[PDB]
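Asker: Contents are CSV, N, CA and C atoms and all ligand atoms; file name query.csv:
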```csv
chain,number,residue,atom,x,y,z
A,61,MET,N,144.9,-103.0,121.3
A,61,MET,CA,145.1,-101.9,120.3
A,61,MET,C,146.4,-102.2,119.4
A,62,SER,N,146.4,-101.5,118.3
A,62,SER,CA,147.5,-101.6,117.3
A,62,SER,C,147.8,-100.2,116.8
A,63,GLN,N,149.1,-100.0,116.5
A,63,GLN,CA,149.6,-98.9,115.8
A,63,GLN,C,150.4,-99.2,114.5
A,64,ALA,N,150.1,-98.5,113.5
A,64,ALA,CA,150.7,-98.8,112.2
A,64,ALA,C,151.3,-97.7,111.4
A,65,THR,N,152.4,-97.9,110.8
A,65,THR,CA,153.1,-97.0,109.9
A,65,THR,C,153.3,-97.6,108.6
A,66,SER,N,153.2,-96.8,107.5
A,66,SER,CA,153.3,-97.3,106.1
A,66,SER,C,154.0,-96.4,105.2
A,67,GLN,N,154.6,-97.0,104.1
A,67,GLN,CA,155.0,-96.2,102.9
A,67,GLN,C,154.9,-97.0,101.7
A,68,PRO,N,154.8,-96.4,100.5
A,68,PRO,CA,154.7,-97.1,99.2
A,68,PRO,C,156.0,-97.9,99.0
A,69,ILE,N,155.8,-99.0,98.3
A,69,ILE,CA,156.9,-99.8,97.7
A,69,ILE,C,156.6,-100.3,96.3
A,70,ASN,N,157.4,-100.1,95.4
A,70,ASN,CA,157.1,-100.6,94.1
A,70,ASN,C,157.8,-102.0,93.9
A,71,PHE,N,157.4,-102.7,92.8
A,71,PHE,CA,157.8,-104.0,92.6
A,71,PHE,C,157.5,-104.4,91.1
A,72,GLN,N,158.1,-105.5,90.6
A,72,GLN,CA,157.7,-106.1,89.4
A,72,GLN,C,157.7,-107.6,89.5
A,73,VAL,N,156.6,-108.3,89.1
A,73,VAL,CA,156.5,-109.7,89.0
A,73,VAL,C,157.3,-110.2,87.8
A,74,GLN,N,158.2,-111.1,87.9
A,74,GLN,CA,159.0,-111.6,86.8
A,74,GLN,C,158.8,-113.1,86.6
A,75,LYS,N,159.2,-113.6,85.4
A,75,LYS,CA,158.9,-114.9,85.0
A,75,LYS,C,159.8,-115.9,85.7
A,76,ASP,N,159.3,-117.1,85.9
A,76,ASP,CA,160.1,-118.2,86.4
A,76,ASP,C,161.3,-118.5,85.6
A,77,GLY,N,162.5,-118.4,86.2
A,77,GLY,CA,163.8,-118.7,85.6
A,77,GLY,C,164.4,-117.5,84.8
A,78,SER,N,163.8,-116.4,85.0
A,78,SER,CA,164.1,-115.2,84.2
A,78,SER,C,164.0,-113.9,84.9
A,79,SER,N,164.5,-112.8,84.3
A,79,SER,CA,164.3,-111.5,84.8
A,79,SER,C,163.2,-110.7,84.0
A,80,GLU,N,162.7,-111.4,83.0
A,80,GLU,CA,161.7,-110.8,82.1
A,80,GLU,C,160.4,-110.5,83.0
A,81,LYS,N,159.7,-109.4,82.6
A,81,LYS,CA,158.4,-109.1,83.2
A,81,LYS,C,157.5,-110.3,82.9
A,82,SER,N,156.8,-110.8,84.0
A,82,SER,CA,155.7,-111.7,83.9
A,82,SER,C,154.4,-111.0,83.6
A,83,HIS,N,153.5,-111.6,82.8
A,83,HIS,CA,152.2,-110.9,82.6
A,83,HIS,C,151.4,-110.9,83.9
A,84,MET,N,151.7,-111.7,84.8
A,84,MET,CA,151.2,-111.6,86.2
A,84,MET,C,151.3,-110.2,86.8
A,85,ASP,N,152.4,-109.5,86.5
A,85,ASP,CA,152.6,-108.1,86.9
A,85,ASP,C,151.4,-107.2,86.6
A,86,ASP,N,150.7,-107.5,85.5
A,86,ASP,CA,149.6,-106.6,85.1
A,86,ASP,C,148.4,-106.9,86.0
A,87,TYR,N,148.4,-108.0,86.7
A,87,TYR,CA,147.2,-108.4,87.6
A,87,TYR,C,147.4,-108.0,89.1
A,88,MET,N,148.4,-107.2,89.4
A,88,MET,CA,148.6,-106.6,90.7
A,88,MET,C,148.7,-105.1,90.5
A,89,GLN,N,148.2,-104.3,91.5
A,89,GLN,CA,148.3,-102.9,91.4
A,89,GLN,C,149.7,-102.3,91.8
A,90,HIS,N,150.0,-101.2,91.3
A,90,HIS,CA,151.4,-100.6,91.6
A,90,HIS,C,151.2,-99.1,92.0
A,91,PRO,N,152.1,-98.7,92.9
A,91,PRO,CA,153.0,-99.5,93.7
A,91,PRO,C,152.2,-100.2,94.8
A,92,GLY,N,152.9,-101.1,95.5
A,92,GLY,CA,152.3,-101.7,96.7
A,92,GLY,C,152.6,-100.8,97.9
A,93,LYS,N,152.5,-101.5,99.1
A,93,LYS,CA,152.7,-100.7,100.4
A,93,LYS,C,153.5,-101.6,101.3
A,94,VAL,N,154.4,-101.0,102.1
A,94,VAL,CA,155.0,-101.7,103.3
A,94,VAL,C,154.3,-101.1,104.5
A,95,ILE,N,153.8,-102.0,105.4
A,95,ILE,CA,153.2,-101.5,106.7
A,95,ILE,C,154.0,-102.2,107.8
A,96,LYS,N,154.2,-101.3,108.9
A,96,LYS,CA,154.7,-101.9,110.2
A,96,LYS,C,153.5,-101.7,111.2
A,97,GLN,N,153.0,-102.9,111.6
A,97,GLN,CA,151.9,-103.0,112.4
A,97,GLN,C,152.2,-103.8,113.7
A,98,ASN,N,152.3,-103.1,114.8
A,98,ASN,CA,152.7,-103.7,116.1
A,98,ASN,C,154.0,-104.5,116.0
A,99,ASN,N,155.0,-103.8,115.5
A,99,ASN,CA,156.3,-104.3,115.2
A,99,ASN,C,156.4,-105.5,114.3
A,100,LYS,N,155.3,-105.7,113.5
A,100,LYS,CA,155.3,-106.7,112.5
A,100,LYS,C,155.2,-106.1,111.1
A,101,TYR,N,155.9,-106.7,110.1
A,101,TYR,CA,155.9,-106.1,108.7
A,101,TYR,C,155.1,-106.8,107.7
A,102,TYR,N,154.4,-106.1,106.9
A,102,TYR,CA,153.5,-106.6,105.8
A,102,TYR,C,153.8,-105.9,104.5
A,103,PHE,N,153.8,-106.6,103.4
A,103,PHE,CA,153.6,-106.1,102.1
A,103,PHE,C,152.1,-106.2,101.7
A,104,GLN,N,151.5,-105.0,101.6
A,104,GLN,CA,150.1,-104.9,101.2
A,104,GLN,C,150.0,-104.7,99.7
A,105,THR,N,149.2,-105.6,99.1
A,105,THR,CA,149.1,-105.5,97.6
A,105,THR,C,147.6,-105.8,97.2
A,106,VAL,N,147.3,-105.3,96.0
A,106,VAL,CA,145.9,-105.4,95.5
A,106,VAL,C,145.9,-106.3,94.3
A,107,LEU,N,145.1,-107.4,94.4
A,107,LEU,CA,145.0,-108.3,93.3
A,107,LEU,C,143.8,-107.8,92.4
A,108,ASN,N,144.1,-107.7,91.1
A,108,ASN,CA,143.1,-107.4,90.0
A,108,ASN,C,142.5,-108.7,89.6
A,109,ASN,N,141.2,-108.6,89.1
A,109,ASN,CA,140.4,-109.8,88.8
A,109,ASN,C,140.6,-110.9,89.9
A,110,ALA,N,140.4,-110.5,91.1
A,110,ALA,CA,140.6,-111.3,92.3
A,110,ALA,C,139.9,-112.7,92.2
A,111,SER,N,138.7,-112.7,91.6
A,111,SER,CA,137.9,-113.9,91.3
A,111,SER,C,138.7,-115.0,90.6
A,112,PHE,N,139.7,-114.6,89.8
A,112,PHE,CA,140.5,-115.5,89.0
A,112,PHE,C,141.5,-116.2,89.8
A,113,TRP,N,141.9,-115.6,91.0
A,113,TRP,CA,143.0,-116.2,91.8
A,113,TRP,C,142.4,-117.3,92.7
A,114,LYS,N,142.4,-118.5,92.3
A,114,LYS,CA,141.8,-119.6,93.1
A,114,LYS,C,142.6,-119.9,94.3
A,115,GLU,N,143.9,-119.9,94.2
A,115,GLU,CA,144.9,-120.0,95.3
A,115,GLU,C,146.1,-119.2,95.0
A,116,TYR,N,146.8,-118.7,96.1
A,116,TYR,CA,148.1,-118.0,96.0
A,116,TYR,C,148.8,-118.3,97.3
A,117,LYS,N,150.2,-118.5,97.1
A,117,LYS,CA,151.1,-118.7,98.3
A,117,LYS,C,152.3,-117.9,98.0
A,118,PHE,N,152.9,-117.3,99.0
A,118,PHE,CA,154.1,-116.5,98.9
A,118,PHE,C,155.2,-117.1,99.8
A,119,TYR,N,156.4,-117.0,99.3
A,119,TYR,CA,157.6,-117.6,100.0
A,119,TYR,C,158.7,-116.6,99.9
A,120,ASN,N,159.6,-116.6,100.8
A,120,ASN,CA,160.8,-115.9,100.7
A,120,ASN,C,161.8,-116.6,99.8
A,121,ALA,N,163.0,-116.0,99.5
A,121,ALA,CA,164.0,-116.6,98.6
A,121,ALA,C,164.5,-117.9,99.1
A,122,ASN,N,164.4,-118.1,100.4
A,122,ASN,CA,164.9,-119.4,101.1
A,122,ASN,C,163.7,-120.3,101.3
A,123,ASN,N,162.6,-120.1,100.7
A,123,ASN,CA,161.4,-121.0,100.7
A,123,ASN,C,160.6,-121.0,102.0
A,124,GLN,N,160.9,-120.1,102.9
A,124,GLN,CA,160.0,-119.9,104.1
A,124,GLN,C,158.6,-119.4,103.6
A,125,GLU,N,157.6,-119.9,104.3
A,125,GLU,CA,156.2,-119.5,104.0
A,125,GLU,C,155.9,-118.1,104.6
A,126,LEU,N,155.1,-117.3,103.9
A,126,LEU,CA,154.8,-116.0,104.3
A,126,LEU,C,153.3,-115.9,104.3
A,127,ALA,N,152.8,-115.9,105.5
A,127,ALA,CA,151.3,-115.9,105.7
A,127,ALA,C,150.6,-114.7,105.1
A,128,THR,N,149.4,-114.9,104.5
A,128,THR,CA,148.7,-113.8,104.0
A,128,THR,C,147.4,-113.6,104.7
A,129,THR,N,146.9,-112.4,104.7
A,129,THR,CA,145.7,-112.1,105.5
A,129,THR,C,144.9,-111.2,104.5
A,130,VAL,N,143.6,-111.5,104.4
A,130,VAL,CA,142.7,-110.6,103.5
A,130,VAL,C,142.3,-109.4,104.3
A,131,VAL,N,142.4,-108.2,103.7
A,131,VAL,CA,142.0,-107.0,104.4
A,131,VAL,C,140.8,-106.3,103.6
A,132,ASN,N,140.6,-106.6,102.4
A,132,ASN,CA,139.5,-106.1,101.6
A,132,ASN,C,139.2,-107.0,100.5
A,133,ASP,N,137.9,-107.2,100.2
A,133,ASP,CA,137.4,-107.8,99.0
A,133,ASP,C,136.4,-106.9,98.4
A,134,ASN,N,136.6,-106.4,97.1
A,134,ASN,CA,135.7,-105.5,96.4
A,134,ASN,C,135.1,-106.2,95.3
A,135,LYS,N,133.8,-106.7,95.5
A,135,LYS,CA,133.1,-107.4,94.4
A,135,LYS,C,132.9,-106.6,93.2
A,136,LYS,N,132.5,-105.4,93.3
A,136,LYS,CA,132.3,-104.5,92.1
A,136,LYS,C,133.5,-104.3,91.2
A,137,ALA,N,134.6,-104.1,91.9
A,137,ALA,CA,135.9,-103.9,91.1
A,137,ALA,C,136.6,-105.2,90.9
A,138,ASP,N,136.1,-106.3,91.5
A,138,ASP,CA,136.7,-107.6,91.4
A,138,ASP,C,138.2,-107.5,91.9
A,139,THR,N,138.4,-106.9,93.0
A,139,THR,CA,139.8,-106.8,93.6
A,139,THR,C,139.8,-107.4,95.0
A,140,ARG,N,141.0,-107.8,95.4
A,140,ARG,CA,141.2,-108.3,96.8
A,140,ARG,C,142.5,-107.6,97.3
A,141,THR,N,142.4,-107.0,98.5
A,141,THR,CA,143.6,-106.5,99.1
A,141,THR,C,144.1,-107.5,100.2
A,142,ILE,N,145.4,-107.8,100.1
A,142,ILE,CA,146.0,-108.7,101.1
A,142,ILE,C,147.3,-108.1,101.7
A,143,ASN,N,147.5,-108.6,102.9
A,143,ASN,CA,148.8,-108.4,103.6
A,143,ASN,C,149.6,-109.7,103.5
A,144,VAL,N,150.9,-109.5,103.1
A,144,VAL,CA,151.8,-110.7,103.1
A,144,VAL,C,152.9,-110.4,104.2
A,145,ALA,N,153.0,-111.3,105.1
A,145,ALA,CA,154.0,-111.2,106.2
A,145,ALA,C,155.4,-111.2,105.7
A,146,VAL,N,156.2,-110.1,105.9
A,146,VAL,CA,157.5,-110.0,105.4
A,146,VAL,C,158.5,-109.6,106.5
A,147,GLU,N,159.7,-109.4,106.2
A,147,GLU,CA,160.7,-108.9,107.1
A,147,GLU,C,161.6,-107.9,106.5
A,148,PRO,N,162.1,-106.9,107.2
A,148,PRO,CA,163.0,-105.9,106.6
A,148,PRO,C,164.1,-106.6,106.0
A,149,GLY,N,164.5,-106.1,104.8
A,149,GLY,CA,165.6,-106.6,104.0
A,149,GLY,C,165.2,-107.6,102.9
A,150,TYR,N,164.0,-108.0,102.9
A,150,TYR,CA,163.5,-108.9,101.8
A,150,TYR,C,163.6,-108.1,100.5
A,151,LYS,N,164.1,-108.8,99.5
A,151,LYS,CA,164.3,-108.2,98.1
A,151,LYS,C,163.3,-108.9,97.1
A,152,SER,N,163.0,-110.2,97.4
A,152,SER,CA,162.1,-110.8,96.5
A,152,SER,C,161.2,-111.8,97.2
A,153,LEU,N,160.0,-112.1,96.6
A,153,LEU,CA,159.1,-113.1,97.0
A,153,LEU,C,158.9,-114.1,95.9
A,154,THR,N,158.8,-115.4,96.2
A,154,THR,CA,158.4,-116.4,95.3
A,154,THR,C,156.9,-116.5,95.5
A,155,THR,N,156.1,-116.5,94.3
A,155,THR,CA,154.7,-116.7,94.5
A,155,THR,C,154.3,-118.0,93.7
A,156,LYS,N,153.4,-118.8,94.2
A,156,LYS,CA,152.8,-119.9,93.5
A,156,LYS,C,151.3,-119.6,93.5
A,157,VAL,N,150.8,-119.6,92.3
A,157,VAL,CA,149.4,-119.2,92.1
A,157,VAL,C,148.6,-120.2,91.3
A,158,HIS,N,147.3,-120.4,91.6
A,158,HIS,CA,146.4,-121.2,90.8
A,158,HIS,C,145.3,-120.3,90.3
A,159,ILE,N,145.4,-120.1,89.0
A,159,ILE,CA,144.5,-119.1,88.3
A,159,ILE,C,143.5,-119.9,87.5
A,160,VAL,N,142.2,-119.6,87.8
A,160,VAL,CA,141.1,-120.2,87.0
A,160,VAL,C,140.1,-119.2,86.5
A,161,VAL,N,140.0,-119.2,85.2
A,161,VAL,CA,139.0,-118.4,84.5
A,161,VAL,C,138.1,-119.4,83.8
A,162,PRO,N,137.0,-119.8,84.5
A,162,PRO,CA,136.1,-120.9,84.0
A,162,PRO,C,135.4,-120.8,82.6
A,163,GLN,N,135.1,-119.5,82.2
A,163,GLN,CA,134.4,-119.3,81.0
A,163,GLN,C,135.2,-119.7,79.8
A,164,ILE,N,136.5,-119.5,79.9
A,164,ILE,CA,137.5,-119.9,78.8
A,164,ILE,C,138.3,-121.2,79.2
A,165,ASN,N,137.8,-121.9,80.2
A,165,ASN,CA,138.5,-123.2,80.6
A,165,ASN,C,140.0,-123.0,80.8
A,166,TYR,N,140.4,-121.8,81.5
A,166,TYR,CA,141.8,-121.6,81.7
A,166,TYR,C,142.0,-122.0,83.2
A,167,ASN,N,143.0,-122.8,83.4
A,167,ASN,CA,143.2,-123.5,84.7
A,167,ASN,C,144.6,-123.9,84.8
A,168,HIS,N,145.4,-123.0,85.5
A,168,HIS,CA,146.9,-123.2,85.4
A,168,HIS,C,147.5,-122.9,86.8
A,169,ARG,N,148.6,-123.5,87.1
A,169,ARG,CA,149.4,-123.2,88.3
A,169,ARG,C,150.8,-122.7,87.8
A,170,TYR,N,151.2,-121.6,88.4
A,170,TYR,CA,152.5,-120.9,88.0
A,170,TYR,C,153.3,-120.6,89.2
A,171,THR,N,154.6,-120.5,89.0
A,171,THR,CA,155.5,-120.0,90.0
A,171,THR,C,156.2,-118.7,89.3
A,172,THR,N,156.1,-117.6,90.0
A,172,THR,CA,156.8,-116.4,89.6
A,172,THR,C,157.6,-115.9,90.8
A,173,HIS,N,158.4,-114.8,90.5
A,173,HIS,CA,159.1,-114.1,91.6
A,173,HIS,C,158.8,-112.6,91.5
A,174,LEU,N,158.4,-112.1,92.7
A,174,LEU,CA,158.0,-110.7,92.8
A,174,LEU,C,159.2,-110.0,93.3
A,175,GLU,N,159.7,-109.0,92.6
A,175,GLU,CA,161.0,-108.3,92.9
A,175,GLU,C,160.7,-106.9,93.4
A,176,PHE,N,161.0,-106.6,94.7
A,176,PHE,CA,160.8,-105.3,95.2
A,176,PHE,C,161.8,-104.3,94.6
A,177,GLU,N,161.4,-103.1,94.3
A,177,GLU,CA,162.3,-102.0,93.8
A,177,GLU,C,163.5,-101.8,94.7
A,178,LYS,N,163.3,-101.7,96.0
A,178,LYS,CA,164.3,-101.8,96.9
A,178,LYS,C,163.9,-102.8,98.0
A,179,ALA,N,164.9,-103.2,98.9
A,179,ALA,CA,164.5,-104.1,100.0
A,179,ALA,C,163.5,-103.5,100.9
A,180,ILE,N,162.6,-104.3,101.5
A,180,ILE,CA,161.7,-103.9,102.5
A,180,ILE,C,162.5,-103.1,103.6
A,181,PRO,N,162.1,-101.9,103.9
A,181,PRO,CA,162.8,-101.0,104.9
A,181,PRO,C,162.4,-101.3,106.3
A,182,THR,N,163.3,-100.9,107.3
A,182,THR,CA,162.8,-100.8,108.6
A,182,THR,C,162.0,-99.5,108.7
A,183,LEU,N,160.9,-99.5,109.4
A,183,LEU,CA,160.1,-98.3,109.6
A,183,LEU,C,160.1,-97.9,111.0
A,184,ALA,N,159.8,-96.6,111.3
A,184,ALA,CA,159.7,-96.1,112.7
A,184,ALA,C,158.3,-96.1,113.2
B,1,LIG,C1,147.7,-113.7,88.6
B,1,LIG,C2,148.3,-113.7,87.5
B,1,LIG,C3,147.7,-114.3,86.3
B,1,LIG,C4,146.2,-114.1,85.9
B,1,LIG,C5,145.1,-113.4,86.7
B,1,LIG,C6,146.2,-114.8,84.6
B,1,LIG,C7,144.9,-115.0,83.9
B,1,LIG,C8,145.0,-115.0,82.5
B,1,LIG,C9,143.9,-114.6,81.6
B,1,LIG,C10,142.6,-114.0,82.1
B,1,LIG,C11,141.5,-114.0,81.4
B,1,LIG,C12,144.3,-114.7,80.2
B,1,LIG,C13,143.5,-114.4,79.0
B,1,LIG,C14,145.6,-115.3,80.3
B,1,LIG,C15,146.4,-115.7,79.1
B,1,LIG,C16,147.7,-116.2,79.2
B,1,LIG,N1,148.4,-116.3,80.5
B,1,LIG,CO1,147.9,-115.8,82.3
B,1,LIG,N2,147.4,-115.4,84.2
B,1,LIG,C17,148.3,-115.0,85.2
B,1,LIG,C18,149.7,-115.3,85.3
B,1,LIG,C19,150.4,-116.1,84.3
B,1,LIG,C20,151.7,-116.6,84.3
B,1,LIG,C21,152.6,-116.6,85.6
B,1,LIG,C22,152.0,-117.1,83.0
B,1,LIG,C23,153.3,-117.7,82.5
B,1,LIG,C24,154.1,-116.7,81.7
B,1,LIG,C25,154.3,-115.4,82.5
B,1,LIG,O1,153.9,-114.4,81.9
B,1,LIG,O2,154.8,-115.4,83.6
B,1,LIG,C26,150.8,-116.8,82.2
B,1,LIG,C27,150.8,-117.2,80.8
B,1,LIG,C28,149.7,-116.8,80.0
B,1,LIG,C29,149.7,-117.3,78.6
B,1,LIG,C30,150.8,-118.0,77.8
B,1,LIG,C31,151.9,-117.0,77.3
B,1,LIG,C32,153.2,-117.3,77.9
B,1,LIG,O3,154.1,-116.4,78.0
B,1,LIG,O4,153.4,-118.5,78.3
B,1,LIG,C33,148.4,-116.8,78.1
B,1,LIG,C34,147.8,-117.0,76.7
B,1,LIG,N3,149.8,-116.1,82.9
B,1,LIG,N4,146.1,-115.6,81.7
```
Could I get this structure in the form of structure tokens?
Ligand code: COH
Answerer:
Amino acid sequence: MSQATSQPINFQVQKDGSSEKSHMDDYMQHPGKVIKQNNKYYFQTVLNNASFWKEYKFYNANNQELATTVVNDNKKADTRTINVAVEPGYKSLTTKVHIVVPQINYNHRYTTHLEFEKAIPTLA
């Protein structure tokens, strides 16, 4: 068995090398969610046009890997809900994504940074 507690958390995806909004921010839903599940913490986020995201990896500011788990795939809406393993106090994530839109031959790898509105909290 598992027990889980959650609250909303907002964020903005910003450009590599910059504090500017990345257009990647438009491809994730807002706000996200922080979940505490069996004393483990997740940032739960919804990817828009999920079919375009060929690969994605998340890291903390110190380059540690943050495992992801798929919790929903909605074919009709073309969305994917994922949990990203995080820890209380995290303020930003680095993301590396491989985006492919084959009808327009768009095929690119990007690094961005996802900035939480406040640090991931401790939850009860
Ligand atoms: C998951 C995020 C994501 C998706 C789904 C996506 C899918 C799509 C898509 C779908 C049909 C279209 C028409 C575009 C069109 C563009 N993308 Co993106 N790209 C995305 C993340 C990026 C990133 C990252 C950049 C680099 C600049 C930035 O905004 O961070 C980018 C840059 C662009 C640029 C160059 C402008 C620049 O500032 O360099 C065009 C044009 N785009 N891309």
Asker: So which residues are near ligand LIG 1 (chain B), meaning at most 6 Å away with only C-alpha atoms and all ligand atoms counted, given back as a PyMOL selection string?
Answerer: chain A and resi 75+82-84+87+112+159+161+170+172
Asker: How about saving the chosen residues, N, CA and C atoms kept, as an mmCIF file, in the frame of the given file?
Answerer:
```cif
data_model
loop_
_atom_site.group_PDB
_atom_site.id
_atom_site.type_symbol
_atom_site.label_atom_id
_atom_site.label_comp_id
_atom_site.auth_asym_id
_atom_site.auth_seq_id
_atom_site.Cartn_x
_atom_site.Cartn_y
_atom_site.Cartn_z
ATOM 1 N N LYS A 75 159.200 -113.600 85.400
ATOM 2 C CA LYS A 75 158.900 -114.900 85.000
ATOM 3 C C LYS A 75 159.800 -115.900 85.700
ATOM 4 N N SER A 82 156.800 -110.800 84.000
ATOM 5 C CA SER A 82 155.700 -111.700 83.900
ATOM 6 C C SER A 82 154.400 -111.000 83.600
ATOM 7 N N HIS A 83 153.500 -111.600 82.800
ATOM 8 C CA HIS A 83 152.200 -110.900 82.600
ATOM 9 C C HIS A 83 151.400 -110.900 83.900
ATOM 10 N N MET A 84 151.700 -111.700 84.800
ATOM 11 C CA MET A 84 151.200 -111.600 86.200
ATOM 12 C C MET A 84 151.300 -110.200 86.800
ATOM 13 N N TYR A 87 148.400 -108.000 86.700
ATOM 14 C CA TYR A 87 147.200 -108.400 87.600
ATOM 15 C C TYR A 87 147.400 -108.000 89.100
ATOM 16 N N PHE A 112 139.700 -114.600 89.800
ATOM 17 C CA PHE A 112 140.500 -115.500 89.000
ATOM 18 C C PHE A 112 141.500 -116.200 89.800
ATOM 19 N N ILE A 159 145.400 -120.100 89.000
ATOM 20 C CA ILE A 159 144.500 -119.100 88.300
ATOM 21 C C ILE A 159 143.500 -119.900 87.500
ATOM 22 N N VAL A 161 140.000 -119.200 85.200
ATOM 23 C CA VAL A 161 139.000 -118.400 84.500
ATOM 24 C C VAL A 161 138.100 -119.400 83.800
ATOM 25 N N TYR A 170 151.200 -121.600 88.400
ATOM 26 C CA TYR A 170 152.500 -120.900 88.000
ATOM 27 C C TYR A 170 153.300 -120.600 89.200
ATOM 28 N N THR A 172 156.100 -117.600 90.000
ATOM 29 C CA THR A 172 156.800 -116.400 89.600
ATOM 30 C C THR A 172 157.600 -115.900 90.800
#
```
Asker: Would you work out the distance separating atom CA of residue A:139 from atom CA of residue A:89, expressed in Å to one decimal?
Answerer: 9.6 Å
Asker: Here is a test: counting all atoms listed in the file, which residue of A:135, A:129, A:117, A:68 is nearest to residue A:158?
Answerer: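 Of the candidates, the smallest distance to residue A:158 is held by A:117.
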Asker: Output as number ranges by chain all residues of chain A that backbone DSSP marks as strand (DSSP E).
Answerer: A: 64-69, 71-74, 92-97, 100-107, 113-120, 125-126, 128-134, 139-146, 152-161, 166-176
Asker: Can you tell me how far atom CA of residue A:154 sits from atom CA of residue A:95, in Å to one decimal?
Answerer: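 Here the two named atoms are 19.5 Å from each other.
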Asker: When DSSP works through the backbone of this structure, what residues of chain A end up as helix (DSSP H, G or I), shown as a ChimeraX atom specification?
Answerer: /A:83-87,110-112,162-164
Asker: Write stretch 73-84 of chain A as a short mmCIF file (atom, residue, chain, number, x, y, z; two decimals), keeping the file's coordinate frame, completed to N, CA, C and O atoms.
Answerer:
```cif
data_model
loop_
_atom_site.label_atom_id
_atom_site.label_comp_id
_atom_site.auth_asym_id
_atom_site.auth_seq_id
_atom_site.Cartn_x
_atom_site.Cartn_y
_atom_site.Cartn_z
N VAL A 73 156.60 -108.30 89.10
CA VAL A 73 156.50 -109.70 89.00
C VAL A 73 157.30 -110.20 87.80
O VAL A 73 156.96 -109.67 86.66
N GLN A 74 158.20 -111.10 87.90
CA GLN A 74 159.00 -111.60 86.80
C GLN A 74 158.80 -113.10 86.60
O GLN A 74 158.35 -113.81 87.50
N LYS A 75 159.20 -113.60 85.40
CA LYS A 75 158.90 -114.90 85.00
C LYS A 75 159.80 -115.90 85.70
O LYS A 75 160.90 -115.59 86.12
N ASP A 76 159.30 -117.10 85.90
CA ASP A 76 160.10 -118.20 86.40
C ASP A 76 161.30 -118.50 85.60
O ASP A 76 161.20 -118.72 84.37
N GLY A 77 162.50 -118.40 86.20
CA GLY A 77 163.80 -118.70 85.60
C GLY A 77 164.40 -117.50 84.80
O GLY A 77 165.38 -117.72 84.11
N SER A 78 163.80 -116.40 85.00
CA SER A 78 164.10 -115.20 84.20
C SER A 78 164.00 -113.90 84.90
O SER A 78 163.34 -113.84 85.97
N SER A 79 164.50 -112.80 84.30
CA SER A 79 164.30 -111.50 84.80
C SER A 79 163.20 -110.70 84.00
O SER A 79 162.90 -109.59 84.32
N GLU A 80 162.70 -111.40 83.00
CA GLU A 80 161.70 -110.80 82.10
C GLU A 80 160.40 -110.50 83.00
O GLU A 80 160.08 -111.22 83.90
N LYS A 81 159.70 -109.40 82.60
CA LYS A 81 158.40 -109.10 83.20
C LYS A 81 157.50 -110.30 82.90
O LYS A 81 157.42 -110.79 81.82
N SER A 82 156.80 -110.80 84.00
CA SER A 82 155.70 -111.70 83.90
C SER A 82 154.40 -111.00 83.60
O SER A 82 154.13 -109.89 84.11
N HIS A 83 153.50 -111.60 82.80
CA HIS A 83 152.20 -110.90 82.60
C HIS A 83 151.40 -110.90 83.90
O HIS A 83 150.44 -110.05 83.98
N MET A 84 151.70 -111.70 84.80
CA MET A 84 151.20 -111.60 86.20
C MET A 84 151.30 -110.20 86.80
O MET A 84 150.46 -109.76 87.59
#
```
